[PDB]
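> Just dropping in an experimental structure and the matching sequence.
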Number of protein chains: 18
Amino acid sequence: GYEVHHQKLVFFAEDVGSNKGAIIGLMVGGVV
Amino acid sequence: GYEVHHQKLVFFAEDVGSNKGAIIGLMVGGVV
Amino acid sequence: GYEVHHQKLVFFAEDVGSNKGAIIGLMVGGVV
Amino acid sequence: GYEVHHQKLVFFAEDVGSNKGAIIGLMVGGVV
Amino acid sequence: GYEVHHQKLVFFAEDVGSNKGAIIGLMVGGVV
Amino acid sequence: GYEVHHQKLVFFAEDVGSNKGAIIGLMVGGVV
Amino acid sequence: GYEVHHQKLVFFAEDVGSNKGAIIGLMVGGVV
Amino acid sequence: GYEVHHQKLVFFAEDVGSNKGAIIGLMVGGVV
Amino acid sequence: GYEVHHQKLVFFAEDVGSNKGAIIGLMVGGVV
Amino acid sequence: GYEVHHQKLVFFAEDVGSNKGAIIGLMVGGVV
Amino acid sequence: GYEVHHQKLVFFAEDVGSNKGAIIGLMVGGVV
Amino acid sequence: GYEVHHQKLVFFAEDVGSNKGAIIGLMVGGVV
Amino acid sequence: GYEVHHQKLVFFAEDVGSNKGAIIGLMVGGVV
Amino acid sequence: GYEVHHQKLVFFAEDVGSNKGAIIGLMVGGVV
Amino acid sequence: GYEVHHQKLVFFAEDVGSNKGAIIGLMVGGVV
Amino acid sequence: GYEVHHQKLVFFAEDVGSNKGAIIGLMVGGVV
Amino acid sequence: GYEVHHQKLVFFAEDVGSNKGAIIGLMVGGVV
Amino acid sequence: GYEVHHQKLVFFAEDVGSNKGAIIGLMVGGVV
């Protein structure tokens, strides 16, 4: 009937002084 | 009980002093 | 009853100093 | 009292934020 | 009736001292 | 008549044998 | 007249009452 | 009268004609 | 020298009462 | 004699009584 | 003179005890 | 030259341990 | 001295194409 | 001598016979 | 602290006497 | 203080007398 | 100091008389 | 005080009597 469930991902990374290629490649959405 | 759907993604990265090439390639699904 | 769906992604990346250093490609299906 | 259903993308990267000093491509199919 | 289901996923990594490639390749979706 | 289940998941990598920067290739979603 | 490779996709859905939330998006680029 | 290899997708939803609500997008690029 | 090699999928959804927001996100490759 | 190979996937789904998100996300193409 | 029959796959999903989101994500192709 | 016949597959999903409704994420094809 | 970064794809195939009506499509985002 | 990273894709194929029917799709996304 | 690394892929294949329909489909980019 | 890294992939295959369907599907880029 | 990290990969295969489907579906890049 | 050398990898394969199956579905990248 009624249910509440969300995702929770926290990705934290240290890498100061420029990483070898900073890029975000994501497929987000699909279902509202 | 209320039906609630959400997503939480936090991507944090330290890359201070200008990155080589910061680029975002993302597809946000157009579904409501 | 109330029905609310959602999505939320926060991308945080440090990299000050770069001039004109940002390339973004965002594509949305049909209707958010 | 009103149901809500929309996406939230916070693309935060240190890469200038003055005037048109970046490459941004936004595509939406028919209706947002 | 009543149904709540969530989980905290946290990833922390230190890779300082020398650049090493920062890229997010991810599929976030599937169902509400 | 009540069913709620969650768990805390956290991973931290510091002072490892050899860097890694930040490469995330993952499929996260599919189901609620 | 020998038959050759044709595509076959039948998407049948009983969705009478087609209002605000009914969207069809077809993307191709090459040959038909 | 000659058999050939071509695409064939039947998208049938009960409520054809598309009116003040649903959105249909046909996109190709090459030859029909 | 002629053979019949192709994919075939029929996706059928019954007499629902019209969903919150039904959508066909389809990419048909321009190949032959 | 003649070499013929073909796919055939029938997906029948029921979701009556109250809307719940109906989505066809498919990639059909690439090769003949 | 080699002859090979094709495969057949059928999948039927009823409403069940209680509706739950009908979404099909499929990659169809690969070769011919 | 020996004749080869493929196997047939049929599946019905209903009255299981936990309602699924209709969630299919698959790679169908590969060769031929 | 000076750093160098450029694309290099040698598509060599005995199967050229620009003729009476072949299909060639070359496209870019914003800047190179 | 000084040298830096670059792409190098050599696609070599013997394919004579192929005429009045070639299709090429090349796209770039991400200032190079 | 200079990085000297290039890509190198050599794809060699025979396909003489006209292919069913020679197609080159690729994305060349990913800002250096 | 010199660091060099590279990859060499040579894929060689015979397919004479016209292949069923010769196609190159390649994603080349992903910030070097 | 001086460091080397690479490997030679060579693959040769005989498939004369038309292969099932001379197709390259490959992802090369991501980050370098 | 760590040093790694490269290796030579060669693979040769025959497969007549029954087509080999020349389709490359791979991913080479991830990290430098």
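On my side now, so go ahead. Residues are numbered from 1 along each chain as shown, chains lettered A, B, ... in the order given.
> ok, now which ones touch the residue lying closest to residue A:22 once chain neighbours are set aside?
Spatial nearest neighbour of residue A:22, chain neighbours left out: residue B:19 (3.9 Å); criterion: CB to CB, 6 or more residues apart in numbering or on different chains. Yep, even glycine has a C-beta here, placed from its N, CA and C like the rest. Listed by CB atoms under 8 Å, 6 or more residues apart in numbering or on different chains, the contact set of residue B:19 reads A:18, A:19, A:22, C:13, C:15, C:18, C:21, E:22.
> Of those residues - the most surrounded one?
The residue in those with the most neighbours, by other CB atoms under 10 Å in any protein chain shown, is residue A:22 (32 neighbours).
> Residue B:15 is in contact with that one, correct?
Yes - if you go by CB atoms under 8 Å, residue A:22 and residue B:15 touch, sitting 5.5 Å apart.
> can you list residues touching both of the two?
Common contacts of residue A:22 and residue B:15 (CB under 8 Å, 6+ apart): B:22, C:13, C:15, E:22.
> Just the ones of these in strands?
Cross-referencing these against strands under DSSP state E gives C:13, E:22.
> Which single one of the shared contacts of residue A:22 and residue B:15 is nearest to residue K:2?
Nearest to residue K:2, judged by CB to CB, of the shared contacts of residue A:22 and residue B:15 is residue E:22 at 51.3 Å.
> Backbone torsions only: list them for residue A:24.
As for residue A:24, its main-chain torsions (degrees, to the nearest 10) stand at phi -110, psi 110.
> Could I get the contacting residues of the closest residue to chain N within chain A?
Going by CB to the nearest CB, chain N is nearest to residue A:23 of chain A, at 7.9 Å. Residues near residue A:23 by CB under 8 Å, 6+ apart: B:21-25, E:22-24, N:30, O:30-31, P:30-31, Q:31.
> near chain Q, which residues of chain A?
Residues of chain A lying close to chain Q by CB under 8 Å from any CB of the partner chain are A:20, A:21, A:23, A:25.
> just these now: which is nearest chain G?
residue A:25 (18.9 Å).
> Please give the number of neighbouring residues around the closest one.
If you count neighbours by other CB under 10 Å, residue A:25 ends up with 25.
> Likewise for residue A:7?
Neighbours of residue A:7 (other CB under 10 Å): 20.
> which stretches of chain A form strands?
All strands of chain A, identified by DSSP E, fall at A:4-14, A:23-28.
> looking at these, which is buried most?
strand A:23-28 (a mean of 23; mean count of other CB atoms under 10 Å in any protein chain shown).
> for it, the distance to its chain's centre please.
8 Å (CA atoms, centre = their mean, to the nearest Å).
> relative to strand F:22-29, how tilted is it?
Per axes from the mean of the first three to the mean of the last three CA atoms, to 10 degrees, the angle that strand A:23-28 makes with strand F:22-29 is 0 degrees.
> List the pairing partners of strand A:23-28 within its sheet, with orientation.
Looking at strand A:23-28 with DSSP bridges, its partner strands are strand B:23-28 (parallel), strand E:22-29 (parallel).
> Surely residue A:17 touches residue E:20?
No - with contact defined as CB under 8 Å, residue A:17 does not reach residue E:20; the gap is 10.2 Å.
> Out of these two, name the residue with the larger neighbour count.
residue E:20 (21 against 16).
> Distance of that one relative to residue F:23?
Distance of residue E:20 to residue F:23, computed by CB to CB, to the nearest Å: 9 Å.
> what do you get for residue A:32?
Applying CB to CB, the value for residue A:32 to residue F:23 is 29 Å.
> Make TSV from the shared contacts of residue A:22 and residue B:15 and add distance to residue J:9 to it.
Shown next, in TSV, are these (distance: CB to CB, whole Å):
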residue	distance to residue J:9
B:22	41
C:13	41
C:15	46
E:22	39
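> Test my guess that residue A:7 contacts residue E:28.
Yes - counting by CB under 8 Å, residue A:7 does reach residue E:28; the two are 7.4 Å apart.
> Mind listing the shared neighbours of those two?
Contact criterion CB under 8 Å, 6+ apart; residues shared by residue A:7 and residue E:28: B:7, B:9, F:28, F:29.
> If we only consider those residues, which is nearest to chain D?
The nearest one, if we look at the shared contacts of residue A:7 and residue E:28 relative to chain D and count by CB to the nearest CB, is residue B:7, at 9.3 Å.
> So the closest one sits against residue B:29, correct?
No - judged on CB under 8 Å, residue B:7 makes no contact with residue B:29 at a distance of 11.5 Å.
> which residue does chain A bring closest to chain R?
For chain A, CB to the nearest CB, closest residue to chain R: residue A:20, 6.3 Å.
> Name the nearest residue to that residue, sequence neighbours excluded.
In space, and not counting its chain neighbours, residue A:20 is closest to residue E:21: 3.9 Å by CB to CB, 6+ apart.
> residue contacts, the one you found?
A:19, A:20, A:21, F:21, F:22, F:23, Q:31, Q:32, R:31, R:32.
> what's the farthest-apart pair in these?
F:22 and Q:32 (14.4 Å).
> From the centroid of chain A, which residue is nearest?
residue A:9 (6.6 Å; CA atoms, centre = their mean).
> is the residue nearest to residue A:30 when sequence neighbours are not counted in a bridge, and if so with what?
Nearest residue to residue A:30 in three dimensions, chain neighbours excluded: residue E:29, at 3.0 Å (CB to CB, 6+ apart). Applying DSSP bridges to residue E:29 yields these beta-bridge partners: residue F:29.
> ok, now which ones touch residue E:29?
Contact analysis of residue E:29 by CB under 8 Å, 6+ apart lists A:27, A:28, A:29, A:30, A:31, B:29, F:29.
> now do 10 Å
Residues in contact with residue E:29 (CB atoms under 10 Å, 6 or more residues apart in numbering or on different chains) are A:7, A:26-32, B:7, B:27-29, B:31, C:7, F:27-30, J:23, J:25, K:23, K:25, L:25.
> can you check residue A:12 too?
Counted by CB under 10 Å, 6+ apart, residue A:12 has contacts B:10-14, C:12, E:10-14, F:12, F:22.
> Could you work out the most separated pair of the residues you listed?
Across the contacts of residue A:12 (CB to CB), the longest gap, 18.3 Å, separates C:12 and F:12.
> Surely residue A:1 and residue C:1 touch.
Yes - under the criterion of CB atoms under 10 Å, residue A:1 makes contact with residue C:1 at 8.6 Å.
> quick one: common contacting residues for the two?
What both residue A:1 and residue C:1 touch, as defined by CB under 10 Å, 6+ apart, is the set B:1, B:3, J:18.
> For chain M, state which of those residues is nearest.
Top of the list for closeness to chain M, among the shared contacts of residue A:1 and residue C:1 and by CB to the nearest CB, is residue B:3 at 39.7 Å.
> contacting residues for that closest one?
Per CB under 10 Å, 6+ apart, neighbours of residue B:3: A:1-5, C:1-5, E:3, E:32, J:20.
> Now do the contacts for the residue in chain A that chain G sits nearest to.
Nearest residue of chain A to chain G (CB to the nearest CB) works out as residue A:32 at 9.4 Å. For residue A:32, the contact set (CB under 10 Å, 6+ apart) comprises B:5, B:29-32, C:4-7, C:31-32, D:5-7, E:29, E:31-32, G:21, I:20-21, I:23, J:21, J:23.
> Just give the nearest non-adjacent residue to it, would you?
residue C:5 (4.5 Å).
> Verify the stated contact: that neighbour with residue D:8.
No - between residue C:5 and residue D:8 there is no contact under CB under 10 Å: 11.9 Å.
> Any chance you could list residues touching both of those two?
With CB under 10 Å, 6+ apart, residue C:5 and residue D:8 have common neighbours B:6, B:7.
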